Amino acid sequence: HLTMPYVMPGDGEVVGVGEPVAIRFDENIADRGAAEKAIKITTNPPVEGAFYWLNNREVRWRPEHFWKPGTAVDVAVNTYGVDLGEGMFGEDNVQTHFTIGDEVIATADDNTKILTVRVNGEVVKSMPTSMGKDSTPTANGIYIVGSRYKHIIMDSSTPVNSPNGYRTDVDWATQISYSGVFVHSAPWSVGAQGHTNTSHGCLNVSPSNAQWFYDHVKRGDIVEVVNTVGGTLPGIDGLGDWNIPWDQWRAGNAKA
């Protein structure tokens, strides 16, 4: 009858301008309003934000726009002993502090087949890319950079021998959606990068470019995909928060 909150990002971290505050519980929350009221977010410089639930165990908070670089964020999850509904109580408080880093926005434009990285507005890298082929296209939209992996076997069985299924080992992989979109090294498609889309949705770039991305792009930085033949990344993907328009985000879903 206890539930433990977990806050992201990590205490003392620096994150990109796309990073939401995330409070994830190890049980379904029956009273979402109770959880929201127990969570106090302090920003400096101060900016308005709001709560939106990705699912029954995880609430996010973000401002209307990407964070301003240098902002300091304090998160007080004051859930100890709080009645979260159906006889579940908060197991502990959590308290985190983080800061927002430089503005890093990478745009993958299917009309040019280039992934351009801008840091505080200036182009710092121009990376030819091969994105999802027409039958398995990369969705347009705004992606929040997540975790990074020096190498990772992307086994879609998280079934491989099924229609648009796969199992591949890749290097220098930066996660940009929970739906399994990565930026990663694809030495096999360098010829195609800048010209032809060949993937299941991942942003294929050169080994050099993928390692640069792994080294320089941090959690909370933004990738924007534009002009593909795909749909739009779902707002509730897990890293798709910004595809939910602010009016809808701000309204929340505490009663859903």
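If you superpose the two forms and keep the largest set of C-alpha atoms that fall within 1.5 Å, you have the rigid core. Numbering starts at 1 and runs along the sequence shown.
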{"query": "Of 122-130 and 162-170, which departs more from this form in 8 other deposited structures of this protein by CA RMS after core fitting", "finding": "162-170"}
{"query": "Farther-lying stretch by C-alpha RMS in 8 other deposited structures of this protein (rigid core fit) among 67-75, 82-90", "finding": "82-90"}
{"query": "Stretch exceeding the other in mean C-alpha B-factor - 115-123, 90-98", "finding": "90-98"}
{"query": "Residue range whose averaged C-alpha B-factor is higher in the record, 193-201 or 221-229", "finding": "193-201"}
{"query": "Per the PDB entry, maximal CA B factor within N140, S130, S185, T158", "finding": "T158"}
{"query": "C-alpha B-factor winner, where the candidates are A108, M154, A72, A173", "finding": "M154"}
{"query": "Chain-relative CA temperature factor third for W242", "finding": "lowest"}
{"query": "Ranked against its chain, the third holding the CA B-factor of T43", "finding": "lowest"}
{"query": "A210 - Cα temperature factor, lowest/middle/highest third of chain", "finding": "middle"}
{"query": "For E64, the third of its chain into which the C-alpha B factor falls", "finding": "lowest"}
